[PDB]
Structure formats: C-alpha cells, structure tokens
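There is one chain below, alone, in structure tokens, taken in the form deposited in one PDB entry.
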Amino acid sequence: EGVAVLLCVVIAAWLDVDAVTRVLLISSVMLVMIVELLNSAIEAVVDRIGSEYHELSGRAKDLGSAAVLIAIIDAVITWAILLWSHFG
C-alpha cells in the first residue's frame, strides 16, 4: 500500500528528468497517500459515530473515496503529461 507509492518515488528518482519534473512526479503520488490516509481517518470517524449513536453518516464514505479517486486521476494525468512530453 505504501510500497506502490514508494516504488513510484524510486522510479521518479531514477528517470532522467529535471528537478522540477521529479518533484511533480513524487508529490503527485504522495498526495494520493495523503488523501488515502485522510479518507481512512474519515472512515474511522464514521465507524466511531456508528458505534456511539447507531447512526449512518450519509455519503461521508462515498465522498472520501471520491477524493482518493480524483487524487489518483490527478497523479495519472501528471505522470502521463510529463512522461509523454519527456518522451513520446
């Protein structure tokens, strides 16, 4: 789970790109990790609310999962744009 992201970081450290590109490649996947952690925190909050009050939290989990997906899409796009301009 943190392997897949750290693996990308290693690749981004190996690719013959300039410093700016490397930062963008690395930061985009670290953002995915950040949003995944925040989403899992929200999921824990939802579960905590359910445990305490026996109440659902509406679309809280769906909204958090959508945040992760967008972060992932942002990462794919970033990598595509950069690594296609770098060579295509």
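Whichever C-alpha set is largest while still superposing within 1.5 Å between the two forms counts as the rigid core. Residue numbers run from 1 along the displayed sequence. Shifts are known only where both forms have a C-alpha.
Student: Comparing 18-26 with 76-84, which has the greater mean CA B-factor as deposited?
Tutor: 76-84 has the higher mean C-alpha B-factor.
Student: Going by the CA temperature factor in the PDB record, which third of the chain does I70 belong to: lowest, middle or highest?
Tutor: Ranked within chain, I70 CA B lands in the middle tercile.
As for the form deposited in another entry, it is not shown, yet the points below apply to it.
Student: Quick one: lay the two forms over each other on the core and tell me which of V45, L38, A60, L56 moves its CA by at least 2 angstroms between this form and the one not shown.
Tutor: Single residue meeting the criterion: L56.
Student: Versus the form shown, are the CA atoms of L56 and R59 closer or farther apart in that other deposited form, given a shift of 3 angstroms or more?
Tutor: Note: Cα gap between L56 and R59 shrinks in that other deposited form.
Student: Give the consecutive runs of 3+ residues, present in both forms, in which every C-alpha shifts by 2 Å or more between this form and the one not shown after rigid core superposition.
Tutor: Run shifting 2 Å or more: just 51-58.
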